[PDB]
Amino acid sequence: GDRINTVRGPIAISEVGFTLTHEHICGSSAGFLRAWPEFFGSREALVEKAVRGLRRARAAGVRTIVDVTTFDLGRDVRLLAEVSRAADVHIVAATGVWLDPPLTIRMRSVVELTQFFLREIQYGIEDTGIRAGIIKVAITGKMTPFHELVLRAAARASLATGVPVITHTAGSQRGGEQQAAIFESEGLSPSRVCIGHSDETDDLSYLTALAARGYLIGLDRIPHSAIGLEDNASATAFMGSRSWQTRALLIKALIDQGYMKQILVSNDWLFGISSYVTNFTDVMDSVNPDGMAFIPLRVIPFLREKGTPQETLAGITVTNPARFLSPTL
């Protein structure tokens, strides 16, 4: 398809490289970083931590991350740009709606939210001219009317622009079938959609049937595991009780079923978070000191060790994300 918009401008598909398809520099809420930077120690400290972390990912071979932080999760596109330039890693920014829409979003019609996603894709985010490269939607629980409205607006925005849609499916309730029904009712191609956090379930029948329809399957919280931290209830709620190897083996399972082309792999990492319990980044850092480099440093060799061909792993980490991100009407 087309070139891809990043927070440093449009880049050629050939320059995307090894891509982490679901990441965050900072998880918060709109305007939060600007209003209370000292929550993160300082804006400067957060920038330093993110740049260091992204450089380590880069040394490990990562060339692009997709930051799927929305307006309501506190996307600060100036932060993303500063960090992208200093780490020299491409960052694709997002539009869409996560789990915490304010009333200003919850009161909107499907037409109005389609207009908001389009502005962020076609014109730019705020007054920056930086255009979103991906539409993020999030649902948890059983779907609400508002969730359906958001999915329809995302589908309509994707159809008008070619940019893909990524979903947050929480927590293991296997919501992809419910989401796909709505996407398809709007005429959206499954090839434009990633059903994210699919690694939260071990239901391979569910995963395979979505893959077979041409959905991308986001196996993208691989390092998250609270095993060993059972005394911390907040760790278990956020990271789950399944090992990173259990998650990673789903990648190999879908490969072995013939669906290598449908797999997107990431960490769903963060360098700062205020949307949850205080200091939770410290708990994450203790589980996975590799941060975003976890995928290339730990998961790729694990999968090779289990017999996955290197070409297959390159197709999953380079070719699939390029095919996914490249705008395609």
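In this text, residue numbers run from 1 along the sequence as written.
Look at the C-alpha B-factors of 274-282 and of 260-268. On average they run higher in 274-282. Remark: stretch with higher mean C-alpha B factor among 86-94 and 179-187 is 179-187. Highest CA B-factor among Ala157, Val137, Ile227, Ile195, as stated in the entry: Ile227. For the set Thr64, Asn288, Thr69, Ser29, the maximum C-alpha B-factor listed in the entry falls on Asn288.
Per the deposited record, the Cα B-factor of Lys142 falls in the highest third when ranked against the other modelled residues of its chain. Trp36: CA B factor lies in the lowest third for its chain, per the PDB record. Ranked by Cα temperature factor within the chain, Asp127 sits in the highest third according to the deposited record.
Among all modelled residues in its chain, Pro10 ranks in the highest third by Cα B-factor. Among the modelled residues of the chain, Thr308 sits in the highest third by CA temperature factor in this PDB entry.
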